[PDB]
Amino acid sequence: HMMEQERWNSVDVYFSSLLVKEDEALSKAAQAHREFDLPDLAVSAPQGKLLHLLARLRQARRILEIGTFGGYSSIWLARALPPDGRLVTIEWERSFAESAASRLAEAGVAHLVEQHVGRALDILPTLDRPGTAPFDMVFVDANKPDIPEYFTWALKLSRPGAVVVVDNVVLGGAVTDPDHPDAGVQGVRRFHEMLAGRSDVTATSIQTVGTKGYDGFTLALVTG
């Protein structure tokens, strides 16, 4: 009889089989973790499709991504863009970014993507310039301790109406513990506290299960 993760997988595989197609570029990007002996860090296919649909619903022309990894989420985001759009994506590990570059070329979207290699908090201030900012959508999916600062930068680099999605905000439930010693937990808590404390952005957080296990995301709308 199926174990719990097997049940979540079976439902995800079922929905995915009918709703989400992966071509060569996506199916290859989804295996980036195997090249680097890492756990699967990419959004699932249904999650990447959701990011794609959110960008298209927003009619996003400029998208900022913090955390390229192997380019899986990047392909979904770039494929939401119009021909004059741009995805700016940031990755700390050069080898990952180089792998992503190969996937984005295979995907036919290299002309839409501006990749940066380095620490996101070093790169983000360099993006506050005409032709790059303002972004219509920001996807935050890198290290968790810096989420508050990434959110601050998302606000500085975007505009009223912009959508900000922050991945992996559940941390196994540890986010409810004010005394938890992990900096990532405290960063996610600080971020939610920042959202509570201002009225020019409005948000919700959704817990999910599926092939990635139990986690969740935050969706914020900048209102001004």
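Start at 1 and count along the sequence shown; that's the residue number.
Comparing 30-38 with 162-170, the higher mean C-alpha B-factor in the PDB entry belongs to 30-38. The deposited model assigns a higher average Cα B-factor to 153-161 than to the other stretch when 153-161 and 187-195 are compared. Highest CA B-factor among the listed residues (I90, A133, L77, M137): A133. Ranked by C-alpha B-factor against the other modelled residues of its chain, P178 falls in the middle third.
When all modelled residues of the chain are sorted by CA temperature factor, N9 is found within the highest third. Sort the chain's modelled residues by C-alpha temperature factor and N143 lands in the middle third, per the entry.
Ranked within its chain, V222 lands in the middle third, by CA B factor from the PDB record.
Remark: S73 belongs to the lowest third of its chain, ranked by C-alpha B-factor as recorded.
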